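Within every chain, numbering begins at 1; the chains are lettered A, B, ... in the order of the sequence lines, protein sequences first and strands thereafter.
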2 protein chains.
Amino acid sequence: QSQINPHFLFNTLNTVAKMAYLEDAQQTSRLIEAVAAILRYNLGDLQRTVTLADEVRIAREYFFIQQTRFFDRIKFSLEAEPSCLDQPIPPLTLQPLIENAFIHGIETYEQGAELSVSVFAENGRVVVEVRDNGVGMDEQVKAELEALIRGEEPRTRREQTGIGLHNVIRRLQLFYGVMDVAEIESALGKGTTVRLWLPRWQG
Amino acid sequence: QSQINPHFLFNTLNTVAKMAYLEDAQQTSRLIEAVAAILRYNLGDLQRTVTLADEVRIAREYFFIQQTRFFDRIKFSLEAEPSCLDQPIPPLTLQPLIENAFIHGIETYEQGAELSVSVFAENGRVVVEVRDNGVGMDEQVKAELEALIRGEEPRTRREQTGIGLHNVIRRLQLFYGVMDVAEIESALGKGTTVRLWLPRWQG
């Protein structure tokens with residue numbers, strides 16, 4: 001099941017945000033504003049169309065929140081070519097990749113994790129690279145993702161966080177009408193790069 | 001899917017709670033503490049055993065949050081016999097009933113909604129009554145719940161908030177080993193009472 005009520009949670013965070021304003025808690029207000037922005041975006045219609053600029057805005061809010069809590073354990077980097085940010089894309093494409101890389105890092109390092117996001121053009125495609133310096137993703141997990149990218153449906157398993165990497169790939173494939181929307185680069189001790197290859201759609 | 005990450009949300013609320021303390025935002029801190037308590041409880045193991053006292057504690061946090069936002073639209077009432085609160089019960093039994101009654105009320109009234117919770121003993125059973133003064137629940141919905149209470153599985157429908165009333169009933173039936181764990185009292189214009197009838201289990 002889903003053991004919580006997200007709409008109650010959003011309304012409650014707005015009540016907290018109102019009280020923080022009333023008490024002039026300026027730094028608290030900024031944090032609530034960031035998590036409110038993420039929650040609002042994730043409660044939107046999953047089948048709407050956004051642009052990469054919206055995905056990157058949400059990524060900045062996420063980095064702002066995590067930097068507040070983890071400032072000396074992990075380093076965040078975000079770079080983007082502006083001409084790429086008008087790319088139409090399904091919402092909640094980038095966040096699952098970033099959360100994957102963040103868990104990888106916090107799970108590999110006491111101090112020293114790195115998470116980098118890069119968005120750039122390459123020969124007719126928009127590349128979105130999410131890189132971490134973790135221990136490397138599991139080989140069976142990687143194989144199953146690569147099979148999905150090629151079009152083969154992976155093994156169904158019981159108890160099939162939130163949107164995972166498989167759902168992101170599937171939504172990109174249906175959105176753009178092409179299967180080869182991603183590649184994974186990983187090796188023991190040398191981290192993980194998930195690289196999206198999105199057909200450049202000026203509009 | 002579930003379009004949000006609850007563990008990220010809980011960790012973030014703890015970061016907000018830390019900042020509220022650092023800025024001496026006392027009323028903000030109290031609200032965060034309440035929603036943190038609810039979120040922590042709802043992320044627990046659904047198959048653990050709690051007591052009615054735990055369910056009532058969470059209900060008070062919920063009323064505290066909703067009273068802050070809705071103080072002149074709805075009146076909350078909570079009464080309980082203390083000897084009943086050691087009753088073992090599945091977690092997240094009471095909250096779905098209360099959220100049902102709250103939506104009923106906020107949807108029927110601009111001002112004047114009432115939501116009452118009562119817990120008392122009656123001939124070998126612990127009664128949990130959740131009452132609202134709304135317009136009455138839909139007759140087909142009520143019929144399907146009563147069928148489930150009798151043991152007949154209702155019609156399966158696609159896109160089958162959070163835990164609903166059907167899941168609460170099913171979990172109570174499996175927990176106590178009896179089917180007749182609830183009754184619904186509702187009529188157009190005269191509100192809704194959901195009444196749980198729990199076998200008194202001293203231990």
> What residues of residues 51-70 of chain B sit under 4.5 Å from chain A when you count only heavy atoms?
Replying inline: B/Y62, B/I65, B/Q66, B/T68, B/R69
>> Among A/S2, A/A25, A/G162, which residue has the highest count of heavy-atom pairs closer than 4.5 Å to chain B?
In response: A/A25
>> At a 4.5 Å cut-off on heavy atoms, which part of A/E99 comes close to chain B: side chain, backbone, both, or neither?
In response: side chain
> Contact part of A/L43 toward chain B, heavy-atom cut-off under 4.5 Å: side chain, backbone, both or neither?
Replying inline: both
Could you check whether atom [atom1] of [X] has more than 12 heavy atoms from other residues, nucleotides or ligands sitting under 6.0 Å from it?
X: A/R155; atom1: CZ; result: no
X: B/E33; atom1: CD; result: yes
X: A/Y21; atom1: OH; result: no
X: A/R40; atom1: CZ; result: no
X: A/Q26; atom1: CD; result: no

>> Looking at every non-hydrogen atom in both residues, tell me the closest pair between A/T161 and B/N5 and how far apart they are.
In response: N-ND2, 3.3 Å
> Non-hydrogen atoms of chain A under 4.5 Å away: do they reach the side chain of B/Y41, the backbone, both or neither?
Replying inline: neither
>> If I measure from the heavy atoms of chain A, does B/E23 come under 4.5 Å with its side chain, its backbone, both, or neither?
In response: side chain
>> If I take atom CD1 from residue A/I103 and atom CZ from residue B/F8, how far apart are they, to the nearest 0.5 angstrom?
In response: 10.5 Å
> Which of residues 111-121 of chain A get closer than 4.5 angstrom to chain B, counting heavy atoms alone?
Replying inline: none
> Going by residue number, which parts of residues 136-146 of chain A are within reach of chain B, meaning a heavy-atom gap below 4.5 Å?
Replying inline: none
> What do the steps show when you test A/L9 against B/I4 for side chain to side chain contact (heavy atoms under 4.5 Å, CB included), and what is the final call?
Replying inline: CA-CA 11 Å; A/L9 260 170; B/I4 319 95; over 6 Å; no
> If you count heavy-atom pairs under 4.5 Å between each of B/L31, B/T28, B/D24 and chain A, which one has the most?
Replying inline: B/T28
> Taking only residues two or more places apart in sequence or in another chain, which ones pass side chain to side chain contact (heavy atoms under 4.5 Å, CB included) with A/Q1?
Replying inline: B/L46, B/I163, B/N167, B/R171
